[PDB]
Colleague: 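Right, I'll just put the structure down here and ask away after.
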Amino acid sequence: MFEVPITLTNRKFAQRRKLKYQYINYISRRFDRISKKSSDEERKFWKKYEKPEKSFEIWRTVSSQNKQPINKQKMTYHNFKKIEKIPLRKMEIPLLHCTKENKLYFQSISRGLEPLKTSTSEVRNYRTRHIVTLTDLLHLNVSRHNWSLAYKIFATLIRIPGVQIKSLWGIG
DNA sequence: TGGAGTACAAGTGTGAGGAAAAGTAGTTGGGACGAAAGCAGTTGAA
């Protein structure tokens, strides 16, 4: 349930985000050439946005000049399936080089259908399996205001290698 | 009182997946104790 302090990575997750952010670069360019009639591939993505670094989300005052008139002309299904088609053409040949469940992912996440499999569950590393165990027992006693026990879990969690700042300072 | 079609399992090739700790990929930090004198051949113009 609770967040874990692991620097966990797998090839199926390194691909499935890269399989996603490779695609998004093409469909972003395609949206602006139809707006013109009217290469890490993820390092290239975040150059469109400013990472907030103070808050989670870049919140912004509103009663100011950051306002806009509402755009009138809206989407339809006929324009959406023709603006995605040419990015869906070029994507299909790297879709057969990637693994089929990464390929099952991008087929599923492009029609809606967010993933229901959370990444810290199938990792099965036996050391992360205790790091997932301890942090769900760490928060559970802090939830239950049991402090001599949640001390003991927290003293044991910081000694297991690979744990982060996340557990460290927050519940001081 | 033999044959026509046919799902359940015994049984056989193709690649595709899984993982880690080593190495390498771009930004930023950082490296470079001296304001002395009367005097003389040349040399100023008268």
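Numbers restart at 1 for each chain; the letters A, B, ... are given by sequence-line order, proteins then strands. Below, all heavy atoms of this structure are taken into account, side chains as well, without hydrogens, waters or symmetry copies.
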Colleague: Taking the side chain from A/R159 and the backbone from A/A155, do they hold a donor-acceptor pair closer than 3.5 Å?
Modeller: yes
Colleague: Please work out whether the ring planes of A/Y49 and A/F45 are parallel, tilted or perpendicular, with thresholds of 30° and 60°.
Modeller: tilted
Colleague: Taking A/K166 first and then A/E3, would you say they form a salt bridge - that is, a charged N and a carboxylate O separated by under 4.0 Å?
Modeller: yes
Colleague: Restricting to non-hydrogen atoms, name the atom on A/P87 and the atom on A/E84 that form the minimum distance, rounded to 0.1 Å.
Modeller: CD-O, 3.3 Å
Colleague: Is it true that, when you exclude A/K90 itself, more than 12 heavy atoms of the residues, nucleotides or ligands shown sit nearer than 6.0 Å to its NZ?
Modeller: no
Colleague: Evaluate A/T156 against A/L134 for side-chain contact (heavy atoms from CB on, under 4.5 Å), listing each step before the verdict.
Modeller: CA-CA 8 Å; A/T156 53; A/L134 286 176; 4.3 Å; yes
Colleague: Is it the case that the side chains of A/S55 and A/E57 hold a donor-acceptor pair, with the cut-off being a distance below 3.5 Å and no angle test?
Modeller: no
Colleague: Do the non-hydrogen side-chain atoms of A/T135 and A/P5 ever get within less than 4.5 Å of each other?
Modeller: yes
Colleague: We want to know whether A/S28 and A/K48 form a side-chain donor-acceptor pair, criterion being a heavy-atom distance below 3.5 angstrom.
Modeller: yes
Colleague: Taking atom CD as the centre, does A/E50 end up with more than 12 heavy-atom neighbours from other residues, nucleotides or ligands that are less than 6.0 angstrom away?
Modeller: no
Colleague: I'd like to know whether CZ of A/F31 has more than 12 heavy-atom contacts from other residues, nucleotides or ligands below 6.0 angstrom.
Modeller: no
Colleague: Check this for me: A/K152, atom NZ, are more than 12 non-hydrogen atoms of other residues, nucleotides or ligands nearer than 6.0 Å?
Modeller: no
Colleague: What's the shortest heavy-atom distance between A/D136 and A/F2, and which atoms?
Modeller: OD1-N, 2.8 Å
Colleague: Using modelled atom types only, decide if a donor and an acceptor are shared between the side chain of A/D32 and the backbone of A/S35 within a distance under 3.5 Å.
Modeller: no
Colleague: Can you tell me if A/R129 has over 12 outside heavy atoms packed within less than 6.0 Å of its CZ?
Modeller: yes
Colleague: Do A/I86 and A/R30 come close enough that some side-chain heavy atom pair is under 4.5 Å?
Modeller: yes
Colleague: A quick test of your reading: do over 12 heavy atoms of other residues, nucleotides or ligands sit less than 6.0 Å from CG of A/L96?
Modeller: yes
Colleague: I'd like to know if the side chain of A/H145 reaches the main chain of A/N141, judged simply by a donor and an acceptor atom lying under 3.5 Å from each other, with no hydrogens or angles considered.
Modeller: no
Colleague: Could you tell me whether the side chain of A/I6 reaches within less than 4.5 Å of the side chain of A/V163, counting heavy atoms only?
Modeller: no
Colleague: A quick test of your reading: do over 12 heavy atoms of other residues, nucleotides or ligands sit less than 6.0 Å from NZ of A/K12?
Modeller: yes
Colleague: Check the pair A/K103 / A/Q107 against side-chain contact (heavy atoms from CB on, under 4.5 Å), numbers first and verdict last.
Modeller: CA-CA 6 Å; A/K103 182 252 190 68; A/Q107 285 180 350; 3.3 Å; yes
Colleague: Check the side chains of A/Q22 and A/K20 for a donor-acceptor pair under 3.5 angstrom, ignoring hydrogens and angles.
Modeller: no
Colleague: So A/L8 and A/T128, side-chain contact (heavy atoms from CB on, under 4.5 Å) or not? Walk me through it.
Modeller: CA-CA 8 Å; A/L8 56 89; A/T128 66; 5.6 Å; no
Colleague: Could you walk me through whether A/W147 and A/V142 pass side-chain contact (heavy atoms from CB on, under 4.5 Å), step by step?
Modeller: CA-CA 7 Å; A/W147 303 107; A/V142 179; 3.6 Å; yes
Colleague: Identify the heavy atoms of A/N66 and A/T61 that sit nearest to each other, and give their distance.
Modeller: OD1-O, 4.1 Å
Colleague: Tell me, yes or no, whether the heavy-atom count around A/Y151 atom OH, taken from other residues, nucleotides or ligands under 6.0 Å, exceeds 12.
Modeller: no
